[PDB]
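Following: one structure in structure tokens, then a few remarks.
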Amino acid sequence: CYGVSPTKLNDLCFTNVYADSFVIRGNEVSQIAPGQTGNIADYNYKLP
Amino acid sequence: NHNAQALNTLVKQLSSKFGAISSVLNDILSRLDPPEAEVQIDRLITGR
Amino acid sequence: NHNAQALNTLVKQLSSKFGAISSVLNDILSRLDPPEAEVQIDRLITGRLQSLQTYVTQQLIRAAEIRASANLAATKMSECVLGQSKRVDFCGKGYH
Amino acid sequence: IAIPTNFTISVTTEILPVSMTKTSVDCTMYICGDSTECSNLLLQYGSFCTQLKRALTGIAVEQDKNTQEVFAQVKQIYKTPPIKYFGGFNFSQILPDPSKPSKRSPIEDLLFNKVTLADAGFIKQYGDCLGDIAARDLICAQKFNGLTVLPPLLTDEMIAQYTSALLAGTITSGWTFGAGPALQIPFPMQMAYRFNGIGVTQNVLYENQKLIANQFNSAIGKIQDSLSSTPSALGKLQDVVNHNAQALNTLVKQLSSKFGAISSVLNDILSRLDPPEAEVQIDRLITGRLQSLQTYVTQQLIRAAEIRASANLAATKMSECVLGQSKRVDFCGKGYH
Amino acid sequence: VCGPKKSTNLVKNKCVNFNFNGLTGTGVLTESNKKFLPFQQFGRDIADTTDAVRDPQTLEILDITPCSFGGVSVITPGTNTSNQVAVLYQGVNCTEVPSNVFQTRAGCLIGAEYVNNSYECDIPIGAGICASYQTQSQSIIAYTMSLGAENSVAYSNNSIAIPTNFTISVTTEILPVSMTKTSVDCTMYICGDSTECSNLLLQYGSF
């Protein structure tokens with residue numbers, strides 16, 4: 001979790017929460033993260 | 001004017017994040033666990 | 001010489017790493033991810049800002065000393081050149 | 001119109017600080033407890049150690065410079081004649097006493113006894129640092145952490161000799177020794193010159209020299225009583241010494257701070273954590289100790305600037321009141337100087 | 001349970017490393033005259049630093065004092081004049097430093113021969129001692145700085161001195177009035193024209 005706690009989540013509020021669902025390879029799970037690069041990070045899905 | 005500007009700058013420096021996720025103390029305290037919020041409280045205290 | 005050495009020390013403080021892997025910002029930007037390079041850029045900025053604040057404090061102290069010396073020199077001018085000061089040892093040793 | 005028919009000679013004491021205790025701090029020994037890895041990590045912070053050492057050396061040199069500019073204004077070292085008669089004026093309380101081990105006057109002895117210095121900067125030959133003295137002396141504990149106090153250039157004996165030479169020149173030559181060569185002159189004639197300078201004819205002095213000498217002796221006698229009545233007379237020097245000692249104590253106490261680390265002891269972190277996970281705590285410790293050192297150096301620089309201003313003021317007071325006769329109102333004390 | 005600790009023999013009055021139930025340090029050990037309580041183990045002074053410790057094998061109390069140390073100040077003339085130097089161990093006695101060793105009140109001075117005569121203070125050493133480099137055969141000589149030439153005023157009840165001539169003299173007084181104007185590009189100094197570096201620096205406020 002970035003900026004928020006994985007546990008202290010049931011006592012906060014949010015404007016709009018969007019759930020993105022996609023399946024990637026096991027060796028590229030480190031690519032889905034802010035600032036990371038790679039095939040998925042450049043051509044499939046990029047986090048700000 | 002210099003005294004007033006120094007006071008205003010000192011009261012406005014609280015708006016700075018100093019590398020933290022937020023400049024508000026309560027936001028960090030309620031959004032992160034104590035072991036995860038300590039690293040942000042340290043930066044805020046150091047900056048202030 | 002003090003001003004020159006202060007400028008040299010301030011331009012040399014950029015060589016410090018302040019705990020980072022390297023003092024060159026381009027290297028950290030090249031061989032580190034943004035989330036992994038932020039923790040080093042923050043320490044570099046902290047160290048450089050502390051160096052700048054120390055330099056500014058030293059320059060403010062030197063400026064206060066220079067202001068005192070300039071007020072003294074203006075008093076010397078007004079009392080010895082524009083007039084005849086009776087203060088002993090203020091316009092040189094002996095009867096001015 | 002109102003015109004006075006009499007006068008009362010009075011003596012007012014004015015205490016001005018000239019210098020302060022020197023301070024030399026070794027960053028490597030202070031921030032790091034003689035550790036190799038700590039000293040290696042300290043080198044990554046640049047020349048902050050060099051800047052601090054340069055600032056401390058400049059302060060130490062400036063203290064001696066101020067002392068020289070204040071007390072070494074005379075060219076020769078004048079002495080008083082063996083006959084201590086000066087037309088009825090008794091200077092025994094301000095002249096140095098040869099019977100004492102130190103050539104200081106009784107007033108100077110009282111001044112030195114009222115002030116309780118923390119560290120004099122003398123030689124501690126590993127004897128006064130242990131035993132029962134360690135449980136009562138904080139100077140040794142400060143020195144153990146790199147806080148070394150340096151003694152001044154001019155010792156107390158040299159300052160006393162300079163003061164005695166100033167006094168002898170003032171009482172035997174008036175203001176002539178300050179301008180050029182010392183010219184002998186009777187003290188009543190010097191008092192007549194001073195009265196002519198304040199705008200009073202010399203016959204008033206030549207007719208009441210006895211009463212004037214009596215009033216001067218009574219004032220000199222009451223000066224000692226006023227100084228011994230309360231320690232607040234030397235409060236300026238007392239507060240200067242107390243501020244120096246308190247700054248040293250705070251600097252030696254800041255070592256016990258954790259600054260966000262697991263412990264303040266370096267060896268505990270070195271033994272409880274691996275190097276890659278203990279470097280992050282050593283960095284915080286070094287950063288906190290270096291910030292404390294920089295704050296101490298800034299405070300010492302501000303105090304040294306204040307001491308320099310006070311020493312310039314004291315040198316001006318000396319040159320205008322002792323070496324001469326200043327006409328500035330309320331400069332050499334209240335009243336006609 | 002931590003296993004055998006395997007203590008060693010105790011050594012006192014020497015510069016050794018000591019360890020007492022986990023407390024580590026460096027310093028000498030000397031027999032103390034204190035009155036530690038039966039439950040107390042560590043001794044600490046006002047400055048929040050350890051100065052004594054109780055031995056675990058015997059209940060005797062020993063003082064803790066670090067080994068001798070002090071600043072090393074080197075006295076040297078101009079390089080274009082000579083190459084011989086003097087060493088000053090300030091705050092350290094000469095007997096603790098290990099032909100011309102001399103002990104001053106400001107520290108132990110090695111490499112300078114003390115003389116009875118006095119001159120003007122050339123190099124300030126401390127405690128009224130100053131060093132000069134003179135042909136005494138050039139060497140660094142140490143001596144007590146002279147405060148001035150000896151003179152005595154011929155004071156009397158009816159004697160006065162009046163000058164019959166005068167000498168006009170000119171004395172130069174140097175006083176600084178200003179210095180170089182320093183302008184530092186804060187963003188360009190902290191950050192080498194980088195965009196992300198500038199964005200991170202903007203988070204620090206208006207420093």
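The way I read the labels, and the way they are meant: chains A, B, ... in the order of the structure tokens, residue 1 as the first residue of every chain, and ligand 1 as the first ligand shown, with later ones counted on from there.
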
message: Using only C-alpha atoms, which protein or nucleic acid residues come within 12 Å of residue D:324? Drop anything in the same chain fewer than 5 positions from it, and give the result as a list in words.
response: residues 86, 87, 88, 89, 90, 93, 94 and 95 of chain C; 166, 169, 170, 171, 173, 174, 175, 176, 177, 178, 179, 190, 193, 194, 197, 316, 317, 318, 319, 332 and 337 of chain D

With N, CA and C atoms retained, could you export that selection as a short mmCIF file (atom, residue, chain, number, x, y, z; two decimals), in the first residue's frame?
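The result, stored in again-v4.cif:
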```cif
data_model
loop_
_atom_site.label_atom_id
_atom_site.label_comp_id
_atom_site.auth_asym_id
_atom_site.auth_seq_id
_atom_site.Cartn_x
_atom_site.Cartn_y
_atom_site.Cartn_z
N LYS C 86 38.03 65.00 19.76
CA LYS C 86 38.84 65.08 20.97
C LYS C 86 39.00 63.74 21.67
N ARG C 87 38.38 62.68 21.15
CA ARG C 87 38.47 61.36 21.75
C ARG C 87 39.89 60.82 21.60
N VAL C 88 40.49 60.40 22.71
CA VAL C 88 41.87 59.93 22.69
C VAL C 88 41.93 58.58 21.99
N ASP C 89 42.95 58.40 21.15
CA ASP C 89 43.20 57.15 20.43
C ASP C 89 42.04 56.76 19.51
N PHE C 90 41.21 57.73 19.12
CA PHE C 90 40.14 57.45 18.18
C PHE C 90 40.55 57.80 16.75
N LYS C 93 47.08 57.37 17.33
CA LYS C 93 47.81 57.61 18.57
C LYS C 93 48.35 59.04 18.60
N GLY C 94 48.12 59.71 19.73
CA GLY C 94 48.55 61.08 19.89
C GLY C 94 47.44 62.08 19.68
N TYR C 95 47.80 63.36 19.83
CA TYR C 95 46.85 64.45 19.65
C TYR C 95 46.47 64.55 18.18
N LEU D 166 48.96 50.56 33.42
CA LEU D 166 47.96 51.57 33.11
C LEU D 166 47.71 52.49 34.30
N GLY D 169 50.78 54.78 34.94
CA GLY D 169 50.81 55.84 33.95
C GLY D 169 49.75 56.89 34.19
N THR D 170 48.54 56.45 34.56
CA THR D 170 47.45 57.39 34.81
C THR D 170 47.74 58.27 36.02
N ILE D 171 48.30 57.69 37.08
CA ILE D 171 48.53 58.45 38.31
C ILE D 171 49.82 59.26 38.28
N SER D 173 51.35 60.43 35.10
CA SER D 173 51.53 61.21 33.88
C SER D 173 50.23 61.78 33.33
N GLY D 174 49.09 61.50 33.95
CA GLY D 174 47.84 62.01 33.42
C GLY D 174 47.49 61.36 32.10
N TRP D 175 47.21 62.19 31.10
CA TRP D 175 46.92 61.70 29.76
C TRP D 175 48.11 61.79 28.81
N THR D 176 49.30 62.10 29.32
CA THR D 176 50.45 62.27 28.43
C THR D 176 51.00 60.93 27.95
N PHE D 177 50.91 59.90 28.79
CA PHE D 177 51.45 58.60 28.41
C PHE D 177 50.64 57.93 27.30
N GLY D 178 49.37 58.30 27.15
CA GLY D 178 48.54 57.73 26.11
C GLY D 178 48.83 58.31 24.74
N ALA D 179 49.13 59.61 24.69
CA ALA D 179 49.43 60.26 23.42
C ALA D 179 50.86 59.97 22.97
N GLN D 190 47.30 67.08 38.23
CA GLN D 190 46.46 66.30 37.31
C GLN D 190 44.99 66.48 37.63
N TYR D 193 43.98 69.82 36.34
CA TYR D 193 43.75 69.74 34.90
C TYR D 193 42.39 69.11 34.60
N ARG D 194 42.03 68.05 35.32
CA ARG D 194 40.72 67.43 35.12
C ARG D 194 39.59 68.40 35.46
N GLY D 197 39.21 70.79 32.79
CA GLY D 197 38.56 70.12 31.67
C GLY D 197 37.06 69.97 31.83
N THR D 316 37.26 51.33 23.91
CA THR D 316 36.92 52.74 23.76
C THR D 316 36.81 53.42 25.12
N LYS D 317 36.15 52.77 26.08
CA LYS D 317 36.06 53.31 27.44
C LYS D 317 37.45 53.51 28.03
N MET D 318 38.34 52.53 27.86
CA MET D 318 39.70 52.65 28.36
C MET D 318 40.40 53.86 27.74
N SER D 319 40.41 53.93 26.41
CA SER D 319 41.15 54.98 25.73
C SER D 319 40.58 56.37 26.02
N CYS D 332 31.85 57.86 30.68
CA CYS D 332 32.70 57.39 31.76
C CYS D 332 31.96 57.49 33.09
N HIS D 337 32.94 63.51 34.34
CA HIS D 337 34.01 62.53 34.48
C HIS D 337 35.34 63.22 34.76
#
```

query: stretch 40-55 of chain C: which residues within 10 Å, counting only C-alpha atoms, same-chain residues fewer than 4 positions away excluded, as number ranges by chain?
result: B: 18-19, 47; C: 6-7, 9-11, 13-25, 28-29, 32, 34-36, 59-61; D: 45-48, 51, 287, 291, 294-295, 298; E: 184, 186, 189-191, 196-198, 200-201, 204, 207

message: I'd like the contact shell of stretch 12-24 of chain A - 10 Å cut-off, only C-alpha atoms, skipping same-chain residues fewer than 2 positions apart - returned as a PyMOL selection string.
response: (chain A and resi 4+8-10+26-29+31-32+40+45) or (chain B and resi 27+30-31)

- request: Name the residues of chain B that fall into alpha helix (DSSP H) according to DSSP on the backbone, using the chain letters and numbers of this document, as number ranges by chain.
  value: B: 2-12, 25-31, 34-47

field: Which of stretch 62-309 of chain D fall in strand (DSSP E), as a list in words
entry: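 Residues of stretch 62-309 of chain D classed as strand (DSSP E): residues 76, 77, 147 and 148 of chain D.
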
Writer output for current selection, N, CA and C atoms, as a short mmCIF file (atom, residue, chain, number, x, y, z; two decimals), in the first residue's frame:
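again.cif was written with the following content:
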```cif
data_model
loop_
_atom_site.label_atom_id
_atom_site.label_comp_id
_atom_site.auth_asym_id
_atom_site.auth_seq_id
_atom_site.Cartn_x
_atom_site.Cartn_y
_atom_site.Cartn_z
N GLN D 76 54.99 51.11 27.06
CA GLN D 76 55.94 50.71 28.09
C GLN D 76 55.20 50.13 29.30
N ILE D 77 55.97 49.49 30.17
CA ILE D 77 55.44 48.92 31.41
C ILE D 77 55.89 49.83 32.55
N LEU D 147 35.64 18.05 24.06
CA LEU D 147 35.44 19.46 24.39
C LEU D 147 36.64 19.95 25.20
N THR D 148 37.67 20.42 24.50
CA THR D 148 38.91 20.87 25.13
C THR D 148 38.90 22.39 25.20
#
```

field: Surrounding residues of residue B:28 excluding itself and chain neighbours under 4 positions, 12 Å, only C-alpha atoms, as a count of residues only
entry: 24

task: Report as a list in words the set of chain E residues whose atoms approach chain C to within 7 Å, with distances computed over only C-alpha atoms.
output: residues 171, 175, 176, 177, 178, 190 and 201 of chain E

task: Show which residues sit within 6 Å of residue D:135, as a PyMOL selection string. Count only C-alpha atoms, and ignore same-chain residues fewer than 2 positions away.
output: (chain D and resi 132-133) or (chain E and resi 45)
